[PDB]
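Trainee: Protein chains in written order, with the deposited numbering: chain B, 166 to 229; chain D, 170 to 227; chain C, 170 to 228; chain A, 166 to 229.
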Amino acid sequence: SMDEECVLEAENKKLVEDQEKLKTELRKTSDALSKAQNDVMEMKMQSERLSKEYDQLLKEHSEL
Amino acid sequence: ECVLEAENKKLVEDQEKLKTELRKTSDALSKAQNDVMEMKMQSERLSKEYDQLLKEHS
Amino acid sequence: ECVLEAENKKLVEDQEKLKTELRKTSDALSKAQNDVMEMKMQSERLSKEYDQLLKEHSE
Amino acid sequence: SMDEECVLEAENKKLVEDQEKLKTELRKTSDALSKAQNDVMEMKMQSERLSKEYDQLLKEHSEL
Numbered sequence: 166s167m168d169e170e171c172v173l174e175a176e177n178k179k180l181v182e183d184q185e186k187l188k189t190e191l192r193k194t195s196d197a198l199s200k201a202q203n204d205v206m207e208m209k210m211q212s213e214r215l216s217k218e219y220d221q222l223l224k225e226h227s228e229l
Numbered sequence: 170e171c172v173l174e175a176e177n178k179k180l181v182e183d184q185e186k187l188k189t190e191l192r193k194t195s196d197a198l199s200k201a202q203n204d205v206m207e208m209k210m211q212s213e214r215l216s217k218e219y220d221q222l223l224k225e226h227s
Numbered sequence: 170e171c172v173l174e175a176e177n178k179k180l181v182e183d184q185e186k187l188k189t190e191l192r193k194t195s196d197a198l199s200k201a202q203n204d205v206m207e208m209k210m211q212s213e214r215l216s217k218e219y220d221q222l223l224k225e226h227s228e
Numbered sequence: 166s167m168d169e170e171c172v173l174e175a176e177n178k179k180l181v182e183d184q185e186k187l188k189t190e191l192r193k194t195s196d197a198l199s200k201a202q203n204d205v206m207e208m209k210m211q212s213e214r215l216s217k218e219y220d221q222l223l224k225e226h227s228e229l
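#1: Identify the continuous alpha helix (DSSP H) that holds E174/D and give its terminal residues.
#2: Listed in chain order, which residues of the region 170-183 of chain B have Cβ atoms closer than 8 Å to some Cβ of chain C?
#3: Cβ of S212/B within 8 Å of Cβ of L191/A?
#4: Please work out which residues of its chain come closer than 8 Å, Cβ to Cβ, to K186/A, disregarding the five sequence neighbours upstream and downstream, and give them in chain order.
#5: Just how far apart, CA to CA, sit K188/A and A201/B?
#6: Anything in chain A within Cβ reach of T194/B, meaning under 7 Å, just list it in chain order.
#7: List, in order along the chain, the chain D residues whose C-beta lies closer than 8 Å to that of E228/C?
#8: Please compile the residues from chain B whose C-beta is within a distance smaller than 8 Å of the C-beta of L222/C.
#9: Can you grab the Cα-Cα spacing for the pair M206/D / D183/B, in whole Å?
#10: Can you tell me whether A175/B is buried or exposed? The criterion is at least 16 other CB atoms within 10 Å of its CB, across all chains shown.
#11: Is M167/B helix, strand or coil by DSSP?
#12: Give a yes or no on whether 8 Å exceeds the smallest Cβ distance from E218/D to chain B.
#13: Hey, how far is the Cα of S227/A from the Cα of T194/C?
#14: Looking at chain D, is there any beta carbon in it that lies within less than 8 Å of the beta carbon of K188/C?
#15: With a cut-off of 8 Å, does the C-beta of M210/C fall near any C-beta of chain D?
#16: With distance defined between alpha-carbon atoms, name the residue in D220/B, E170/B, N177/B, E225/B nearest to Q221/A.
#17: For a quick check, are the C-beta atoms of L180/D and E225/B less than 8 Å apart?
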């Protein structure tokens with residue numbers, strides 16, 4: 166026989182479940198930002214090699 | 170001219186690598202922003218739930 | 170009823186604090202994103218003028 | 166052909182300068198990203214605090 170206790174339990178359960186979801190979303194967010202961090206580092210190194218290649222190219226070929 | 174040609178090929182393909190890397194970075198940040206929208210809505214849900222709990226039972 | 174009032178005040182302040190942190194975070198991300206798009210434009214200007222350099226002074 | 170040395174000089178300076186600008190932008194970008202990552206860590210800590218308070222609240226007050 167359903168009573169108000171029944172509904173109370175449902176509401177509390179919902180509060181807890183949404184806390185869990187916010188936790189999950191936080192983790193997905195940090196994961197994405199860590200991917201971005203790695204990508205930025207990749208760009209840093211790639212850019213340093215590229216800059217060395219530019220330097221080298223202009224040094225060997227004075228007409229450029 | 171030979172060495173210049175090879176060097177140029179290398180330089181261009183590395184530029185392409187940088188371009189790809191840029192796109193990937195942008196995409197990652199976009200994913201993070203979407204996630205933050207989600208968290209704003211989720212936390213609004215949490216505080217509304219709490220408020221409702223209080224209004225009903227206190 | 171008293172302890173409930175105190176705990177509630179505390180809880181509310183922490184919710185608003187979290188809200189502010191979320192806004193702060195989206196702002197920070199928008200800053201980063203703008204920075205990345207700026208690097209995209211810059212790298213395009215760089216490769217473009219490199220192309221012009223080789224087109225003008227090479228075969 | 167003095168003009169030639171001119172244009173070539175200007176163009177080289179511009180290539181170098183734009184390399185430098187990309188370098189600077191990469192450094193600042195990494196800074197901004199690090200800022201956002203720490204902001205997310207702060208929200209994790211804050212939301213765990215909120216979770217502890219919700220738990221305590223529902224535990225002490227059965228009518229909630």
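We treat Cβ as the ideally placed atom computed from N, Cα and C, and that holds for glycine.
Mentor: By the coordinates alone:
#1: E174/D -> alpha helix (DSSP H) spans 171-226.
#2: Against chain C - using a Cβ distance shorter than 8 Å - the region 170-183 of chain B contributes no residues.
#3: With respect to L191/A, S212/B sits close: the two C-beta atoms are nearer than 8 Å.
#4: Setting aside the 5 residues that flank it on each side, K186/A has no residue in the same chain whose C-beta is closer than 8 Å to its C-beta.
#5: Near 17 Å, if we compare the C-alpha coordinates of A201/B and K188/A.
#6: By Cβ distance, chain A contributes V205.
#7: Here the neighbours are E170.
#8: Within 8 Å Cβ-Cβ: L229.
#9: Answer to the nearest angstrom: the Cα atoms are 15 Å apart.
#10: Counting the other Cβ atoms within 10 Å of the Cβ of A175/B gives fewer than 16, which makes it exposed.
#11: Three-state result, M167/B: coil.
#12: Chain B, which has a Cβ nearer than 8 Å to the Cβ of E218/D, makes this yes.
#13: Looking at the two C-alpha atoms, the distance is approximately 36 Å.
#14: Interface flag for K188/C against chain D is set, since a Cβ pair is found closer than 8 Å.
#15: Closer than 8 Å: no.
#16: Among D220/B, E170/B, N177/B, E225/B, the Cα nearest to that of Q221/A is on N177/B.
#17: Result no, Cβ atoms of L180/D and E225/B do not sit closer than 8 Å.
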